[PDB]
Amino acid sequence: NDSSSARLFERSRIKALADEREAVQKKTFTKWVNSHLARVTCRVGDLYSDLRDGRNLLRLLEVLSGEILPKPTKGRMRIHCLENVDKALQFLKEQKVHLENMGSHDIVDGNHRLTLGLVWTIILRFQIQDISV
Amino acid sequence: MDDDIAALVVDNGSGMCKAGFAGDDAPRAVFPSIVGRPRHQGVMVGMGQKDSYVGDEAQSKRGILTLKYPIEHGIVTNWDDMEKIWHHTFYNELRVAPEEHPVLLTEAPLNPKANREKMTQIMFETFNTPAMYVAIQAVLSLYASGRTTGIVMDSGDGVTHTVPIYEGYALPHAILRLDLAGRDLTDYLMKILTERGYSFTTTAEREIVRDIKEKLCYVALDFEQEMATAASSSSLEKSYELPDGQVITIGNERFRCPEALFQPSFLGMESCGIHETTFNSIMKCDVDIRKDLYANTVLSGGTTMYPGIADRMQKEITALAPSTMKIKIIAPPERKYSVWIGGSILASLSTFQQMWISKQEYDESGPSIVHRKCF
Amino acid sequence: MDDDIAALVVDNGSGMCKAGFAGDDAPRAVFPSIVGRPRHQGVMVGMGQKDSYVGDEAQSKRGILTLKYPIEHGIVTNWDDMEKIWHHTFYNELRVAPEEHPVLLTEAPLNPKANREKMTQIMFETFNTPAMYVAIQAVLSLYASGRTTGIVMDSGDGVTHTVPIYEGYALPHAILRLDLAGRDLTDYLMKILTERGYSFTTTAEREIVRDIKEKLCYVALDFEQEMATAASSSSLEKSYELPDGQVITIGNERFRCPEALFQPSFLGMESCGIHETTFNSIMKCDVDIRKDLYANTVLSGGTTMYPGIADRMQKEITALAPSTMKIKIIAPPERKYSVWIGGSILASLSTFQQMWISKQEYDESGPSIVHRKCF
Amino acid sequence: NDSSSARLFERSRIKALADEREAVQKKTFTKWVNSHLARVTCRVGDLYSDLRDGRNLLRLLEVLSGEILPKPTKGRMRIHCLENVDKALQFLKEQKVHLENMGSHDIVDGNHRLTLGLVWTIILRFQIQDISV
C-alpha cells in the first residue's frame, strides 16, 4: 500500500521534469529576451531577478511592442514593486495574458514557475498574439 | 508524440488536476482543482487585482479566498472555472498551445452526457484541440496497473468506482460508481472533530483537515476494537499542528473517518462499504470469470492512499465471497496517479493514436460522437 | 506632480499636523494641531490683536492661550479651527493655493460619516480642491513600511489602531481602533505626577509633561519588577527642568505612564493592552494567514515613539499567540511620520492618480462618494 | 525602535526642504518687491530686516495698492514697530490676509517662516486678490 513514499519520489520527479522543462525554457526566454532587451542594452542572466521589479518587464514590453509604458514608483518596498508589475500586468491583460496565477507578487517574489509562467505565456502570446511591435 | 504532436494527458479528477505530455511518467502539473475568489475587501493601492486566483496559488491565500472545486464528483459544475484550471494547466505548467496537441482527458464513468461533450467542447472551441479524448478513470489506472483482468476500485477525491474487466472485456452493467472519497470523508471528519471542540467552518481548513486525514486518518482493519482500545489512548492519540501554530490531538477520530468508506452509515446513507460494492459488482458477473475478479481486485485513487485499506479488504471480501478460493488485492504505488500514468502510456500506443476525436471529427459530425468514441 | 499639480499630503492626525507636497520625503509643515486663544485680558495699545493664534505659535504663548485641539481622536470637533490649522498649513508652510492641488488627506478609520465628508467639504468649498483624498492612517504607514502583509498598529497622538493586511487584502472586521495614545497617557501622567506634589492644571504644561513623557517615559519591558526596583531609586529617578527653571525628579512614574498603553486599568477601562488588541484582531483572522500576522506586526505613530515598546510586544504576544512559530515586530524609524511619508509616495503612483475625489466628482455627485472612494 | 534620532535627521530635512523653499521664495519675493519698492526707490537685500519695521511693509502696500496708509510712531522701541505693522495688518486684514500666525511681532522679530509667511500670503493675495492697484 506504498503510494505515499512513492509520492515523495514521484513528485520529486514531477518537478524534476518540470525543472528540466523550465530551465531550458528559461534559456529559451533568456536568449529570446537578450535578443530584445539588448535594444535597451539590458542583459539577462536571470529572469527571476532582472525582470523582478516589473519595470524591467515593462522595459521588455516597451521593446516587444515598440511602445512606451508608465514607470511608477520603485524602491525597496513591496508596493513599489507591485505597482510596477501592475503596469506590466496592465499591458499584459491588455494583451490578454490572464491572471491565472501570473501575478504582481509572482514577479516581485520571483516565483520560479509563474514568473516564467507569466513570461512564457508572453512568449505564447508574442509569437501567437500582438505583444510584438 | 512527446513534445512533438504530443498528446496532453490531463487527469481532471475532482480535488486534483494531474497533467503532462504523452509518455511522461510523472504529471508535471499537479495542483488542486480549485478557484480562489476573495471574500473580504481590501483597500490597498497597487495590490494584485487577482479576482480569480486559480489552483495552487489559492492554497497560499486560503484565508481571504473562497475555495471552490469547479468539478463535483466528475460532474463539471462551473465550466469557465474549469477552463481556468485548464488554461492555467496549459499555459503555466504544460506551458504550450493545445492548438497543436491532442488532449487525452480523463473523466468519471456513468457521466451525464453534457459532461463529456462540453468537457470536449471548451477544449475544441475555446482552446483549439486538433484531436482529443476524454477517458474513463479506472481503465487508465488499469493501464498503469497494466492488466486486463480483475476489478478496479478508483476512489479519487470525489468518486469511488468498481469497474470490472476480464481480458479486455468490461462488464458495463457491473460497473458501479459511488460517492465515497476524500471530499466526503473530510465532511465526516468535520462533524466528528468538533466533538472535541474543534470547528473549522471554512474550506481553507476543510483541506487542512483533509491533510490531517491524508496523513493521520487510516482505515481500522477491525473497527470497534480500535474503538474499544480508544478507551485507553496510548498511540491512537497524536498531536497535529496548524498553520496558525495551534495543536490538535486526535485519537479514535483517525480511523473512523475513512471507516465511512466502509460503513457509510457514519455518513448516513443506504451505501454499503466499498467492499460490498465490488462484491455487488461480482454479483452481476459471470460464474466462469468471477474467480478472476476475486484474486485481482485493483485499487486506485487519492482516497485509497490511506493505510489499513487493502488488508481490511482481503479480510472482508473473504467474509463475503467464497473463501474456498483466493481474494488477492493489488494495490500498486502511485494509485492516485496511476489513473494519469496509464493514460500517459495509452497515448503512446499507436492503435490508440487512431482512436482520437479529431478536430473536424467534432466540428462537422457532432458532439455526440464524443459518446461514440468515449464509453 | 511635485510642485506641479502636486498632490498635497496633509496628515491631520491628532496632536500634530504633518504636511508636504507629493513625493516629499519630509513633511515640511509639522506643527501641533492646536489653536491658541487668549484667556487673560491685556490693555496695551499696539498689541498683536491675535484673537486666534494657531498651531506652532500657540506653543510660544502657552501661558496666556487656551490650547485646543480642533480634532479629537480622529473625530474633528471644531471645523473652522480645523480650517485655521489648514489655511495656516496651506499658506504659511505649504505656501500655495490648494485651488490647484489635490489634497491627499489622512484620517482615522472607523470614522463617523461627517468626519469624512465635511473634512472633504471644507476643502472642496472653503478652499477649492480640484481633487483630493482623505485616507486611512495605518495603511499609509504601511506604504512607508512598503509592505502588504501583517498588522499595523498606528498609535498617533489620539488613537491606537490594529489594522490587519495580507497581500493587499485587508480584514475590515478585524480592524480595531482604540483610545490609547499620547493624549491619554499625559492625563494619566498628570494624575500620577501629582502624588509627588506636582500639579499642572493647564494645557500649556500638559504638553510639557507630554514632552517629559516623549523623552523620559518609556515602556517597562517587565512592569512590576521595575516597580520593585523603584524602591531603591538609582537610575529610574532623573532630573527634568521646566521652562520656569524649576526641577522635577521622576522615578517609577516614567515607565508606568505608557504602561497604560499595556494595562489600561491604570486609566481604568475595559481596554486591554495594545498587544491583546492586535492579538484580538488575529482572533478574527483566517488560520492560513494568521501566521503572517504574527511575524509582521508593524508599529506606527507618535505614541509608539517610546523605548521598550516593541520588545515587550515580542514578549507578550509570545505569551498570547502560538509560540511554536515566530512573532517578529517591525518598528521602522519615522513611525510617527511613516503615516505621512507613505502617503507622500502614494500620490506618486499613477494608478492612485485615478483614485482621487475630483472637484465635480464631489460637487454634482455627492459627499457620500467620499465614502465610496475612502474606505 | 530608532525613530527618535531619525527624527533629529528628518526634522533637519523637514526644514531643509522648507529652507530650500523659503529662500528661493524669498528671492521670488525679493525681485518681486524690488520691482515695486523701486517705485519708492527702496531696495530689498533682506525682507526680514528692510520690511521689519512695518512702515516699509506699509510702503509696499502703498505701492501695490497704489494708495496711502497711516505711518504711526516709529523708533527703537517694540511698540513703535508693532504699531507700524498693526497698520500693515490693518490693510492686510482689510485684504483678508488672516492672523494665522502672520503677525505684528512676526514682522518686528523678522520671523523667517512668518515674515515670509505673511508676505508670501501677500503674493498669494496680490496675484489672486486685490492687494494690487
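Per-chain numbering from 1; labels A, B, C and D assigned in written order.
The definition used in the following text is that a contact is a pair of C-beta atoms (placed from the backbone, for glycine too) under 8 Å apart; a residue touches a chain by one contact, two chains touch by 3 or more.
Student: For C-D, find its twin among A-C or A-B: the pair where over half of the contact pairs carry the same residue numbers.
Tutor: A-B
Student: Which pair, A-C or C-D, has more C-beta contacts?
Tutor: C-D
Student: Could you tell me the distance, in whole angstrom, between the mean C-alpha positions of subunit A and subunit C?
Tutor: 41
Student: Based only on mean CA positions, could you tell me how far subunit B sits from subunit D in angstrom?
Tutor: Here the centre of subunit D sits 81 Å away from the centre of subunit B.
Student: Can you check how far apart subunit A and subunit B are, centre to centre, with Cα atoms defining each centre and the answer in Å?
Tutor: Centre-to-centre distance between subunit A and subunit B: 32 Å.
Student: On subunit C, where are the residues touching two or more other chains?
Tutor: Residues 148, 167-168, 349, 351.
Student: On subunit A, where are the residues touching two or more other chains?
Tutor: 79, 82-83, 86, 105 - these are the residues of subunit A that touch more than one other chain.
Student: If you look only at subunit A, which of its residues touch subunit C in the complex?
Tutor: Touching subunit C from subunit A are residues 70, 72-73, 75-80, 82-83, 86-87, 105.
Student: Can you tell me which positions in subunit A touch subunit B when the two form their complex?
Tutor: It comes out as residues 1-4, 6-7, 10-11, 13-18, 21-22, 25, 79, 82-83, 86, 89, 98-105, 113-114, 117, 120-121, 124, 128.
Student: Using the touch definition from the top, list the residues of subunit B that touch subunit A in their complex.
Tutor: Residues 20, 24-30, 44-57, 84, 87-88, 91-93, 95-97, 304-305, 307, 309-310, 331-337.
Student: Contact residues on subunit C for subunit B in the complex?
Tutor: Those residues of subunit C that touch subunit B are 136, 139, 148, 165-173, 285-291, 294, 321-325, 346, 349, 351-352, 355, 375.
Student: Where on subunit C is subunit A touching in the complex?
Tutor: The touching residues are 143-148, 167-168, 345, 348-351.
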